[PDB]
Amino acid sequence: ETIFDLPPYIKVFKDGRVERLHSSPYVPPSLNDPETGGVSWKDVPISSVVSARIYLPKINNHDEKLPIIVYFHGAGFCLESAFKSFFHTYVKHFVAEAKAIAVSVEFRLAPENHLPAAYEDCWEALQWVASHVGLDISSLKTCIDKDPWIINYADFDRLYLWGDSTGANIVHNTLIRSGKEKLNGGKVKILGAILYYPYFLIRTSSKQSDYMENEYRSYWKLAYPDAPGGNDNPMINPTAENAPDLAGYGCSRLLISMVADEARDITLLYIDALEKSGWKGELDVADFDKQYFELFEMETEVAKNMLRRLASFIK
């Protein structure tokens, strides 16, 4: 007997059994990737339960410093991996385009690990990144967890978050958190964040399809069945009566991106709330006349153009 079925991607049984067929394939670490003109990546442990894929673009000068992107993948809180081709192929392309170091977090998936696990795993990964500020390479004599690529190349004055769908929901919650719990005690601040196709549930005045009213909403109950307020919990409905002030976001630049589908109306209500809040900073919008999936088809003109538009924000 099932409590959740969205084939062929995930099946959840009443006894807690989860089946994931048809996930994208694992892609191992590589040095000097020919397809991207020399991007490299490695998979590193952050804690007993968190890890991340670290990316470096082709390095032309050993003394150069690069913007840092901390990336939280999407797909329902319940699918895919930083190490699998679907998100990995996308990330290595934005690393090449933005000439940025990236940290793609492997957070625990629902429903085996309900929210807020993914939120905390992403926060822990971000704190781990921020813990590198001011270190020199000599620190690696005694700190087994610290990353030489971050020490050598990261510019902490150009730290960015990036998320898509449920990963962009993690970005939202991470930005609220960073206003209350300052990164590395305040030693690091987030410059900017990209939220592509953010996963929010906000009541619209418009009639929605069954897909949008049921299936699209069902990921929240799957991920966080005990959420206070259900679909009106502030971590899913950022405009809820009890919701934290969006003016408290701990960054100074935002790129909110949406596509031409029924979620656009929800994202517009979010943008309206962000603007009404009085948040101080640069708010950019990339409103595409495309569908969500077109960003991730990485050998197409449309994907190249959509990704170029997002990656141009990383300065």
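The first residue of the sequence shown is number 1, and the count goes up from there.
Look at the C-alpha B-factors of 297-305 and of 7-15. On average they run higher in 7-15. Higher mean CA B-factor, judged across 92-100 and 138-146 from the recorded values: 138-146. Highest CA B-factor among the listed residues (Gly186, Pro228, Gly192, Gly163): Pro228. The entry lists C-alpha B-factors for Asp245, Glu181, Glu124, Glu215, and the highest of these is at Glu215. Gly278 sits in the middle third of its chain by CA B factor, as recorded in the PDB entry. Annotation for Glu241: CA B-factor lies in the highest third of the chain's modelled residues. Ranked by Cα temperature factor within the chain, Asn233 sits in the middle third according to the deposited record. For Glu64, the recorded CA B-factor ranks within the highest third of the chain. Only modelled residues enter the ranking.
For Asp210, the recorded CA temperature factor ranks within the highest third of the chain's modelled residues.
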